[PDB]
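Enquirer: My questions will all concern the structure given below.
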Amino acid sequence: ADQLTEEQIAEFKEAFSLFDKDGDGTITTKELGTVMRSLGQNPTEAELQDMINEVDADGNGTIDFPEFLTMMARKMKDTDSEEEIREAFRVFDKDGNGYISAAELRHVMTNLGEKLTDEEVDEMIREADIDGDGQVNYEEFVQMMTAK
Amino acid sequence: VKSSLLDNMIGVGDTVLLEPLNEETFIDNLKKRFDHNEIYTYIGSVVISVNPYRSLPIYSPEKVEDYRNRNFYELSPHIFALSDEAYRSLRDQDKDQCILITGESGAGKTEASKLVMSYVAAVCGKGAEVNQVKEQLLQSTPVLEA
Amino acid sequence: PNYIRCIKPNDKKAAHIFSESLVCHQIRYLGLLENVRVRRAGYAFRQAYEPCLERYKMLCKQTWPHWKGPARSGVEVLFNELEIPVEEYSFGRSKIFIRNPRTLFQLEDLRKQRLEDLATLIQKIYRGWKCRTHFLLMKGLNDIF
Amino acid sequence: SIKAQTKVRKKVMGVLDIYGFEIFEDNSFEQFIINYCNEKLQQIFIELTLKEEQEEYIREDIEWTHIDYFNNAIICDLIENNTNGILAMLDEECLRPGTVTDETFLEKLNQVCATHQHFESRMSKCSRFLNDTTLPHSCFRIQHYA
């Protein structure tokens, strides 16, 4: 791209400097995704692996700040939609009532995808419905998660 | 309309979908379903039941609510789904029904009568009457069996 | 008439014995095979347009996330993107008709493929809500790092 | 003990528990009546099946293609015909006294019942010409749906 007007440069620079703990001037490579997800771009893990293996020729993933800006102008046009993920939840509704089972949400969200851990899907259901238990809603839950 | 018996299907759930069509594939279908404790398999609107010779937990009153008033297509094969069709064709349509059990003794005919009439004893609204006629029917069964 | 055929899996009344030769005779005596042969007759699968479109809306970029109305047209553009031959299906008045389960298990394979992409999308936007939330709390504690 | 108290308007769901098909090594007249009743049940089952299917393909305005199935009606017709059936010949041999035996009844079946394709005997010729092994004398074969 061109790229990247300054008001995103400052956020990429403070998030770029936040996850630097050795005093290098670059992030560590295990935390490479959470850099991008703390700012709200959210790439997938395998596409992150391809994108980091494009610029690396050593098998470590060590980049700098302009390469990270290049990766941000690549993914900047990939901002997801609201109705798309909401209809993706409506795929997992099997009863057509607007209700969704919490335990089957655990089964899907711990057996499919990037495989969320126990605290993340348990915290997911506890944020979905504070009263409980075992059966949750999603239609306001999608409004809660899709805010940057 | 959002669920189907095709999801989570052990083997092939409906034999009209079985390919290729002979007895050799079908024995393997009932084999691989009976191994995974799936003893019901449809042909069109036909229930195939296999006797497991034990009490399976697919007859809970919890699953009566699950099997009730879904469509024939929307859920995994079970015998109640036949009775849940028949009763509604008796209830909402006011047409007389009959449920035919064909097989040999020791394959589960009397059990199928007990489970069909048990579902009708569940969802009719006056369960104690159907249990009262039912108890004298199952009581009169070994009398006729003599 | 509503209908039940019962099969014994052995001649010994046990729970885990499956004798294939006896069950073969149980199929022969009841005649399940010609039952399948007559239920299959022309088109081996069928369903209404609405559960078909609601089941397979995610395989077409004109039905994802909407719609494409009416339901026969959405199933049609679904087939036209997924490159299904014309002799595989037929349009009824209120149902879509499928001739051989080759097309059916093909579509179940493709839907099984896109399901992981939908769950991956949900876990991506959710975990991004968590990392973005932790980033906003981290800004909320320390204004400069 | 189980009937209703008075005689009112009603709607009924019945349950017909019927036995299944039989094959022994030696199948006598009992198993003949048994297998004949299962021929009738198979016939009404396939007939209601085809009327139901062709009903649906006429509903959805789709051109029917023809399907090949086993005809049960000519086995039933092979047994029940008031002039050419098996039971008409048996009612004849029971009715008239002529010092009648089993082999004379087989002679009558060879005379009038062997003109059909699916009947099969040894002394007739026609149906069938061949001298097939494991087909003894004083017996006959019926090609059932089973």
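All chain B residue numbers match Swiss-Prot; in order, they span 6-151.
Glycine is treated like the rest: Cβ placed from N, Cα and C.
Per Swiss-Prot, ATP binding site is recorded for B:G108, B:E109, B:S110, B:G111, B:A112, B:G113, B:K114, B:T115, and the stated evidence type is sequence analysis. For B:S60, the entry in Swiss-Prot reads phosphoserine.
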Enquirer: Are any of the recorded positions B:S60, B:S110, B:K114 near chain C, where near means a Cβ under 8 Å from a Cβ there, and if so which?
Expert: B:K114
Enquirer: From the Cα of B:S60 (phosphoserine) across to the Cα of B:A112 (ATP binding site), what is the distance in angstrom?
Expert: 14
Enquirer: How many Å separate the Cα atoms of B:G113 (ATP binding site) and the residue listed as 'phosphoserine'?
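Expert: It is 12 Å, counting Cα to Cα.
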Enquirer: What is the one among the recorded positions B:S60, B:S110 whose Cβ has the most other Cβ atoms less than or equal to 10 Å away?
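Expert: Ranked by Cβ atoms within 10 Å, first place goes to B:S110.
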Enquirer: So which of the recorded positions B:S60, B:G111, B:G113 end up next to chain D, with Cβ to Cβ under 8 Å?
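Expert: Qualifying residues, whose Cβ lies under 8 Å from chain D: none.
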Enquirer: Could you round the CA separation between B:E109 (ATP binding site) and B:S60 (phosphoserine) to a whole angstrom and send it over?
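Expert: Computed Cα spacing between B:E109 (ATP binding site) and B:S60 (phosphoserine) is 20 Å.
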Enquirer: Would you count the other CB atoms within 10 A of the CB of B:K114 (ATP binding site), including those on all shown protein chains?
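Expert: Its Cβ shell of radius 10 Å holds 22 other Cβ atoms.
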Enquirer: Just to verify a number: CA distance, B:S110 (ATP binding site) to B:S60 (phosphoserine), in angstrom, no decimals.
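Expert: Per the Cα atoms, B:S110 (ATP binding site) and B:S60 (phosphoserine) stand 18 Å apart.
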Enquirer: Going by DSSP, is B:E109 (ATP binding site) part of a helix, a strand, or coil?
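Expert: In three-state terms, B:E109 (ATP binding site) counts as coil.
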Enquirer: Sorted by position, what residues of the same chain at least six away from B:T115 (ATP binding site) have a C-beta under 8 A from it?
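Expert: Those within reach of B:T115 (ATP binding site), by Cβ under 8 Å and sequence separation of 6 or more, are B:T146.
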Enquirer: Can you check which residues sit near B:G111 (ATP binding site), meaning Cβ under 8 Å from its Cβ, same chain, 6 or more apart in sequence, and list them in order?
Expert: B:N56
Enquirer: Which residues does B:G108 (ATP binding site) neighbour through Cβ under 8 Å, counting only same-chain ones at least six apart?
Expert: B:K114
